[PDB]
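Given next, in structure tokens, is a single chain: the form deposited without 2'-deoxycytidine.
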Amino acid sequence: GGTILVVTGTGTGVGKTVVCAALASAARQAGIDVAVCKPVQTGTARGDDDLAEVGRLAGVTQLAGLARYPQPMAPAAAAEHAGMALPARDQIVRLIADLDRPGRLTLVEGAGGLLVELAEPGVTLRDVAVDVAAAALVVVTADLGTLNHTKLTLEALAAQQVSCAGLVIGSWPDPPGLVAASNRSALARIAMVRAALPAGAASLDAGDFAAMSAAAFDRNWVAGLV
């Protein structure tokens, strides 16, 4: 196999997808073959499609999903609303395992934070990460409260021996501000901050997004991922 990395976050709406896209873009620009697996998508009624964001922003074509739920809710609630079960754990893990190949960086995107249910019954992205021996990249905010949520997520990773590949600040403000600047220094004291994406990066066109991504990450770190 290659390198499997779950891209999780401290919560919902913290920039997981755009960080997934940004890392994919940087990796592809380093010559790395990149696949993204998002087993479960919700909020499809309003048009959510994080795989398409990755495909458009980063140029990834190996974009694997299993289930799509109309309502913009956590997978379990969206599945309950729709009256249909979430996928099975085996579906998700085998899909990722089949995507994984030598020389490839396979990013795995869940929904919401680390402990949200992704597959029936009650299996999370952390469970999946354990099953496929992935490390976890954790997308954080720079906002008030990020320190607790980041420490909570890192503890939960370590509790099941899922290695933390670093943090990415999903949206970095301009100009920072006292709290954002303080949080960035504090976050760097608990884990490597791999990048801090400029606020609004998710709306860029493909060209600007690739330039942003290459600048966002350390070249050597990206190159060493596989």
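Position 1 is the first residue in the sequence shown; the rest follow in order.
What comes next is about the form deposited with 2'-deoxycytidine bound, which does not appear here.
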Q: Identify which of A52, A30, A64, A199 has a heavy atom within 4.5 Å of 2'-deoxycytidine in the bound PDB entry; exactly one of them does.
A: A199
Q: With heavy atoms only and a cut-off of 4.5 Å, decide whether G207 touches 2'-deoxycytidine in the bound PDB entry.
A: no
Q: Give a yes or no for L23: in the bound PDB entry, does one of its heavy atoms lie within 4.5 Å of a heavy atom belonging to 2'-deoxycytidine?
A: no
